[PDB]
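Chemist: Fold the following for me, if possible:
(5 chains)
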Amino acid sequence: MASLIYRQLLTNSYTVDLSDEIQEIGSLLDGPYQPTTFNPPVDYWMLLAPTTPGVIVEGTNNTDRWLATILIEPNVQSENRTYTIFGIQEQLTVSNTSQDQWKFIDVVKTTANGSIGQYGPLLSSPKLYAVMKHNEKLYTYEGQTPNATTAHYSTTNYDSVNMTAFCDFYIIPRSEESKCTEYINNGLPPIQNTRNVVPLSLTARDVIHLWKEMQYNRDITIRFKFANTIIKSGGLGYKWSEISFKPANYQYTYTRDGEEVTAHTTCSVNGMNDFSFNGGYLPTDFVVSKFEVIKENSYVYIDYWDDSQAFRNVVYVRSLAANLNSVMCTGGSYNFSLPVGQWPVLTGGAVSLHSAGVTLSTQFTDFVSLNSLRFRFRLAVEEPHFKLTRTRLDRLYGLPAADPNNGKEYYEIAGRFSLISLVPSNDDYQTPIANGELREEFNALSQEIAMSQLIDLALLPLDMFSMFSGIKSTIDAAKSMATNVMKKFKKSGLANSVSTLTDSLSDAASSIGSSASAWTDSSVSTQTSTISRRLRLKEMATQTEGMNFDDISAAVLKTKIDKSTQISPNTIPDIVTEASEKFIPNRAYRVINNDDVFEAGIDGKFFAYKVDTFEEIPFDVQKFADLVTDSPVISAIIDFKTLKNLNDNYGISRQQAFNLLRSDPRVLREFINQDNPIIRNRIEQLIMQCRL
Amino acid sequence: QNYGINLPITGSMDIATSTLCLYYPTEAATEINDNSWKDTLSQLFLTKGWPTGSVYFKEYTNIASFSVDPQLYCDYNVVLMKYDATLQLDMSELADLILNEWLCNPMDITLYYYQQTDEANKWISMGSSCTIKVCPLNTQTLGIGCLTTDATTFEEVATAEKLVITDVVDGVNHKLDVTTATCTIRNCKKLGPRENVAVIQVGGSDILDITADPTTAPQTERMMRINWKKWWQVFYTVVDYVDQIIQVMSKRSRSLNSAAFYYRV
Amino acid sequence: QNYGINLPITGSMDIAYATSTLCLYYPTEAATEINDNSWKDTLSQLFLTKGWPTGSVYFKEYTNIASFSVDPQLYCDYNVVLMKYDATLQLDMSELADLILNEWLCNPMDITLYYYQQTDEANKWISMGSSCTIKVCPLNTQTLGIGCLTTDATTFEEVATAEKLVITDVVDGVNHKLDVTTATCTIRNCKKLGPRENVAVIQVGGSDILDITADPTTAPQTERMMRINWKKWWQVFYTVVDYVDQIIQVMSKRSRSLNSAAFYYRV
Amino acid sequence: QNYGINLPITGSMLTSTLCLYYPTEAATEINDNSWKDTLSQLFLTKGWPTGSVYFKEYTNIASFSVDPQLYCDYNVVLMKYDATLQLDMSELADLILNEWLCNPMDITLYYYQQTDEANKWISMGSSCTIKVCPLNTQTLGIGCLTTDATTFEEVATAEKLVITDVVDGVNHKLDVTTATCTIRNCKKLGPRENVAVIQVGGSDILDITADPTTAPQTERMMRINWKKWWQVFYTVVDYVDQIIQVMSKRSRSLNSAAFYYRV
Amino acid sequence: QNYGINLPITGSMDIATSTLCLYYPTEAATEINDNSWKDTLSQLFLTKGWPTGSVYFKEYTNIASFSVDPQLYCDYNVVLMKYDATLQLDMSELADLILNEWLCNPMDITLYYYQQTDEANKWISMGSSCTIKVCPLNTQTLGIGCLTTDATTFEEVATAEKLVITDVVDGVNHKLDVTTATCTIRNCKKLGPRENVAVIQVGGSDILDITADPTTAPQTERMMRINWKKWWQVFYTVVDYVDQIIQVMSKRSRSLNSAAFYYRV
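Modeler: Numbers count the residues shown, from 1 in each chain, chains lettered A, B, ... in the order given. The structure is reproduced below:
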């Protein structure tokens, strides 16, 4: 009956694994940032990702060695190249056999003004560098991709090493090492995985962030842009390497019927395509490595923030919806710069944007943390042609990452968004506009619940839907509410008990009863108490008749959950786990055999009686153990004390007594209606025991 | 415990030191042109039957000034109020303020909005200068007829006043903009009548709307009018019929400290 | 719901039987010795962890003990006030303890013309202001001077000097004539009705010194006056936080504030 | 095992040691060395065997607080009032007045929190100065930042013995000069009834419980007055009957130490 | 309730994770020649069945310095001592000091005159520089091979030893003379077997004696011996047989919840 909520709780628990898998995918990179000077603490890694040729990163000592890093593009044979190492120009020999993967080389000076060499052969397609400083040694990436090792050196002044970079770098602690390799050896990680999406000023402290419902239905006019990153490869400008999309920022103002609203927006793109226009293998010809274009399987995200009485209540969201209107984006001409001959020109390319989701987001400008709204946009391909002239590239659709600005400095999107926020209103006035003891309270609240309604609720079984359908929830946390309670429940005491019973039963396929079985394994009192404690697990075996203890436990838990208000969504799993075990330690069970009844109590009580006139019967442990193994079991809500007192002090008929031994809800509720003091005492004693 | 308000009290149909205040305006004393009038009034009250040291006299400069932090000292209060043909609203508000009991709550308008619960909630602002401007909202926190972030288009309900009583239609929240440097605004609810006070006016035309109710003006026996030309006539005629005044009111609603309203948190 | 007349109640001795606001008054010394502006939010979050609703714990500040005693504030549900012990401010400490730990129902006074007397040990003269200098001269039955010339306001004897608060008592059964400059101070005739359990006072530094009743026969160090040692105000704040529930158990809601006493004496 | 401790019991209806802690000030004022023999012989005349009374010396209350080492079964300790040392006085009295069980803390690396009203943080050392910052569920400091140390909040500076409490139930990140002190998490079990404290001048400052609303005065916290230390010694020795009737003897320490270590 | 009053027990005859510390000498640390060895051993103990981070490790500079008041703060302790062919008595003293419960009472050297009562009584002196000189006395406190006033005729029993155990014949008093500024002597009475610890010896030839009793040479099961040439083999051996080591020992009987007035230290 109402006990079914327990049985389902351990049943579908396996699904948590799937969610847990997703959680491990969701189980985080800090960056990127402007190229500046700082002191990255120990136990932190440096995940550098340059794209432009030049001096990548250097760690200054002024007393110990000089470390220099040089990045070399492919398609360059054995020649000499000039860089600016520590401000002093130096020539370096370069010889490359790989054609689509760039190569990093480490330059070491034995002192501040020592000799110059080139070593540390690194080859990588995403062009990623890892440097660590921990435990009296410096770590740097060494070994060919994908699987490699870390070169180790030991030079003084470790904690004072301040490495000035000239690219975008991420700082990661040690525990995400399994992430780091997965984020280094497996291509460029998506931008949405980052914490500080915009490459603006760096902060080392960024934090991702009775009631009353408040509704805000306002209007937005989003103006957003794109951003291109272009790099030129080696040689003499005859070929480029990367023309890609990068995040952009735009801050503007507009009118909203009087207010000069300041709207801050940031844009990003994910899942783009990379068309390859592979030229001839001769060193002097127009060759492009990757051409990043946006297609149907790619999306663009916009993060929107602006001061308003609506945006100042977003920290807790009850419901969120979007009703945007689609906006078309068309590209413009992008003429290459080929020193000799006619340079190629890109033309065409047009797409449309539509809204298919929304959630919270993080954004920072200088030092101000924001709780922004992230709108997800799906893309569609359109009519206008997109071709690359002067070559053989024709009949392609999408939008190139060369010049999507098309002269216009903003793309307008107008729509209406509606969200519902939860605000702490201790009364029906003083509503804010801008943004333990529970054990004692729960135990004290458990003295005033009614009985007839309790029995009625215990008659109606619950499920995974009715348990949380009466409690308010936040849409951000309601996603993982059943998942967390089931994850905590699969580690409950009842879980260990059922696992041990299953293991013992399976092992038995290789005492106090008639023979060996998985249930027969003041001495009489102790043995009977152990038998009852093991038999408590029978309530998960669906071999009961009528109501059971766990039904009452579930009913009282539901009632006290509904009445209580001092419990957070993070607290429900603990309460459920503790209550499913600690509730009702004094359980009683009775079994019937040929007009005879044997009953045993966990506390150490044991009795036997007949169904005709309730005559005391001497106790036989052997037959009890023989029959309880495979026979109907009924929870002894009405044990022998109450039954005998009722048969003496009140003139009941045979049907009532026989149903009471079966614990029929109808006759029990009839007795409740009659308000017999003995049944009230029994029910109240049972109820008072329900506490943590 | 609860002083025993639960168990009903049943009887039978056939069964068989004190203080008195006197509030007067200052210009009345100026027109009296005497320095020992208090002693004469004391002797007359003694001849009436009050013990010596029971009648006390207090002074208030003006209706505007007295309404700031009103105080009631004695177990009985008979205030003398002068009438101006342009201060009807202020006189009515003062009568309502120091004629009925109140339970108030403190307010801080820099963080919280405010609303109304039912038709027994009123706003009371006191101070040397209170200017209260309101701007209601729709069902989605948007100003109607007033920009919610502009302090210019807010409608006005109070300016250049010392005692202001404000009410707006319930069911809709509002934002408040007041010069809090010289004012303080509190949310109050009326619990019923105060019988510790009594108001007698000189002149006037029986115009005192003691309730915010537009429909009715329930005149009681605690608000009366007397004609005047020289203040000594009024003093004599108010000390002569004092027994009727005492019979009208009662001394069983005295507050603990002198405050027209009960503060809370 | 018969508010006025007291009616006897009836109960039993065997049958089984059986939100608000919290304020805090602290001296400026702790503020000068903490050096953290956002401490209010920290304390609010800690009280939230203890169970109190957030955004509902108020704070008040005062310059000194004597200046704080000027017109004290009962406007709160649970007064928990700290006081720095001083080896030379004992009388002001005692008078403050008397004034903010008992419910005092007072009456108005005007000494410039009238006589005054007292009838019981519950009768006291309480003066509050910025500069109060009490002069007292008892008189005989025939209104003649006893140790003072009634026609002059100099031959009297001063029972107070340069204090913001003062509590005085005279022998019941005789009349008195009072002299004080009421320009910067006022005075009331008050009767001590009953103990107000809406306030708690916790002392820091020194030893047990308070005396809540003027009777020499009793100096009851009751359980609404505590004493703790201190060298860092953060320690005092934490110690107060850790036992808010015990302080709540000691006290209770103001009995006069409940609707039960709506016609005896409102709050 | 159980002769009746916490198990059913049915009723019906000389060589013990005695230490004495004295400050150096008394010895300097009286200016003699033969007084030990005099006190031993007076004890013998009172009825206690000679050589059964120890005597130990402490330079200062601060120094004596550094890891106290009990040396007898019955104990009486003397202390002198100070103008601005009541915190140390009361804390030392409470520490040496109740039994303690302490779990060593690796304060440098991990975080900590207490569990109940019966938990306290005890720190002793030559020069201790603790600074703590409370945490949240987001692992960000409240009124503080988890990286820097200066912006923390002081709880004790340059103090020999610190007994402190925090809001019990929420984790906190602490910091201290570990190379000059030591911090241990301890729980107060019960009353250590084999030690009494005698005050010499003062006004009953001692409080033996962190509870603000409860501050009892037991039978082992008394006070006398002094003008020459010989008077105090003679009064203490003469009325040894009352003192020996007050305390018990079944609270002997299983080892010579103030508080047990991880048991 | 109350403990300590041992009520007699009555059973029947019809029935069927903590802290673990470990010490080692500095020579072992030098021979190991590694940094992360602690993590390796902790993970090995995790494999054998102990929680990670629950197996601490300490160190002692030398057998001499380890002798200066050897404390123990573990529920399970095994002490590793490196045998040396010339400090046999030092090893015996260390074993007899850390193997049995010792109940001590402080003893002076100037005022009183100490003695001994029973064979279960010993004298323990610990300090940086312990020089112990003794002299027996007669009933009349006269001189017996030494004069009380003199101090240069007292018989040495132990000089400069970091640990000193001594015993004198019962029934006679003895006077002492020892540098209190460098050594401390404590009158102690032996309670019984302290099972919280075990001793494992490397090399050696069964030298330790756990008592001054001549006629008895009790080879306890807690005293165990091995042989070694590289410390890693000994470490692996002692880690492998953790089950036998813990089964030999038991909980510190004086640290259970039966402490109340059970003559705990």
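
Chemist: The lengthiest helix in chain B vs chain C: in contact?
Modeler: For chain B, the helix with the greatest residue count under DSSP state H is helix B:37-48. Yes: applying Cβ under 8 Å from any Cβ of the partner chain, one finds helix B:37-48 touching chain C at B:38, B:39, B:42. (Each C-beta comes from the backbone N, C-alpha and C, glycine too.)

Chemist: name the helices or strands packed onto that helix?
Modeler: strand B:55-60, helix B:231-240 (3 or more Cβ pairs under 8 Å, 6 or more residues apart in numbering or on different chains; DSSP states H and E).

Chemist: can you put these in JSON lines and add distance to chain C and mean neighbour count?
Modeler: Putting those into JSON lines (distance: least, Cβ to the nearest Cβ, whole Å; neighbours: other Cβ atoms under 10 Å in any protein chain shown) gives the following:
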{"stretch": "strand B:55-60", "distance to chain C": "5", "mean neighbour count": "18"}
{"stretch": "helix B:231-240", "distance to chain C": "16", "mean neighbour count": "16"}
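
Chemist: Pick out the residue in the stretch 351-500 of chain A sitting closest to chain C.
Modeler: The minimum distance from the stretch 351-500 of chain A to chain C, using Cβ to the nearest Cβ, falls at residue A:437 (3.9 Å).

Chemist: burial of that residue, as a residue count?
Modeler: When neighbours are defined as other Cβ atoms under 10 Å in any protein chain shown, residue A:437 has 13 of them.

Chemist: State the number of residues packed around residue 119.
Modeler: In the absence of a named chain, this looks at chain A. Counted with other Cβ under 10 Å, the neighbours of residue A:119 add up to 10.

Chemist: not what I meant, chain B
Modeler: If you count neighbours by other Cβ under 10 Å, residue B:119 ends up with 11.

Chemist: now do the one 3 residues further on
Modeler: Each residue near residue B:122 was counted by other Cβ under 10 Å, and the total is 20.

Chemist: Tell me what it is bridged to.
Modeler: residue B:188 (DSSP bridges).

Chemist: re earlier: not counting its neighbours along the chain, what's nearest the residue of the stretch 351-500 of chain A closest to chain C?
Modeler: Sequence neighbours aside, residue C:51 is the residue nearest to residue A:437 in space, at 3.9 Å (criterion: Cβ to Cβ, 6 or more residues apart in numbering or on different chains).

Chemist: same check, this time on residue A:493
Modeler: Residue A:493 sits nearest to residue A:581 (Cβ to Cβ, 6+ apart), 4.4 Å away.

Chemist: Check the secondary structure at that neighbour for me.
Modeler: helix (DSSP: H, G, I helix; E, B strand; the rest coil).

Chemist: Let me see the contact set for it.
Modeler: Contacts of residue A:581 were listed using Cβ atoms under 8 Å, 6 or more residues apart in numbering or on different chains, and they are A:492, A:493, A:494.

Chemist: Quick one: the strands in the stretch 201-350 of chain A, in order.
Modeler: Ranges of strands in the stretch 201-350 of chain A, per DSSP state E, counting those that start in this stretch, are A:212-224, A:228-232, A:240-245, A:248-255, A:260-270, A:273-277, A:288-294, A:299-306, A:317-322, A:327-330, A:334-335, A:345-348, A:350-364.

Chemist: For the longest helix of chain B, C-alpha coordinates in PDB please.
Modeler: Output of helix B:37-48 as PDB, limited to C-alpha atoms (Å, rounded to 0.1, in the frame of the first residue of the first chain):
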ATOM      1  CA  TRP B  37      -3.300  81.500  37.100                       C
ATOM      2  CA  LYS B  38      -2.200  77.900  37.700                       C
ATOM      3  CA  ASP B  39      -2.500  78.300  41.400                       C
ATOM      4  CA  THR B  40      -6.000  79.700  41.100                       C
ATOM      5  CA  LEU B  41      -7.000  76.800  38.900                       C
ATOM      6  CA  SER B  42      -5.500  74.400  41.500                       C
ATOM      7  CA  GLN B  43      -7.500  76.000  44.300                       C
ATOM      8  CA  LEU B  44     -10.700  75.800  42.200                       C
ATOM      9  CA  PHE B  45     -10.000  72.100  41.400                       C
ATOM     10  CA  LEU B  46      -9.400  71.500  45.100                       C
ATOM     11  CA  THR B  47     -12.800  73.100  45.900                       C
ATOM     12  CA  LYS B  48     -14.300  70.700  43.300                       C
END
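
Chemist: Hey, what's the angle from that helix to helix B:231-240? Just curious.
Modeler: Counting by axes from the mean of the first three to the mean of the last three Cα atoms, to 10 degrees, helix B:37-48 lies at 30 degrees to helix B:231-240.

Chemist: And helix B:37-48, how far out from the chain middle?
Modeler: Computed by Cα atoms, centre = their mean, to the nearest Å, the chain-centroid distance of helix B:37-48 equals 28 Å.

Chemist: Which part of the stretch 51-200 of chain A gets nearest to chain D, residue-wise?
Modeler: Closest point on the stretch 51-200 of chain A to chain D, by Cβ to the nearest Cβ, is residue A:173, at 12.3 Å.

Chemist: Share the number of residues neighbouring that residue, please.
Modeler: 14.

Chemist: Please apply the same query to residue A:249.
Modeler: So residue A:249, with other Cβ under 10 Å, has 18 neighbours.

Chemist: ditto for the one 3 residues further on
Modeler: Per other Cβ under 10 Å, the neighbour tally for residue A:252 reads 17.

Chemist: what's across from it in the sheet?
Modeler: residue A:263.

Chemist: I figured residue B:163 hits residue B:90, correct?
Modeler: Yes: between residue B:163 and residue B:90 a contact is recorded at 6.1 Å, counting by Cβ atoms under 8 Å.

Chemist: Check the spacing between the residue nearest to residue A:437 and residue C:58 real quick.
Modeler: As judged by Cβ to Cβ, to the nearest Å, residue C:51 and residue C:58 stand 17 Å apart.

Chemist: helix or strand for the residue nearest in space to the middle of chain A, which one?
Modeler: By Cα atoms, centre = their mean, chain A has its centre lying nearest to residue A:23, at 4.6 Å. Element membership for residue A:23 (DSSP states H and E) is helix A:15-26.

Chemist: Just the CA trace of that helix, in PDB.
Modeler: Extracted C-alpha coordinates of helix A:15-26, given in PDB (Å, rounded to 0.1, in the frame of the first residue of the first chain):
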ATOM      1  CA  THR A  15      19.000   5.600 -13.100                       C
ATOM      2  CA  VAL A  16      21.100   7.900 -10.900                       C
ATOM      3  CA  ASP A  17      24.200   6.200 -12.600                       C
ATOM      4  CA  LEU A  18      23.100   7.700 -15.900                       C
ATOM      5  CA  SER A  19      22.700  11.100 -14.300                       C
ATOM      6  CA  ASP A  20      26.000  10.600 -12.400                       C
ATOM      7  CA  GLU A  21      27.600  10.000 -15.800                       C
ATOM      8  CA  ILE A  22      26.200  13.300 -17.000                       C
ATOM      9  CA  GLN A  23      27.400  14.800 -13.700                       C
ATOM     10  CA  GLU A  24      30.900  13.600 -14.500                       C
ATOM     11  CA  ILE A  25      30.700  15.300 -17.800                       C
ATOM     12  CA  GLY A  26      29.500  18.400 -15.900                       C
END
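
Chemist: hmm, who's touching it?
Modeler: A:480, A:483, A:486, A:487, A:490.

Chemist: tell me the contacts of the one residue in chain A that gets nearest to chain E?
Modeler: Of the residues in chain A, the one nearest chain E is residue A:523, at a distance of 6.1 Å by Cβ to the nearest Cβ. Residues near residue A:523 by Cβ under 8 Å, 6+ apart: E:12, E:14.
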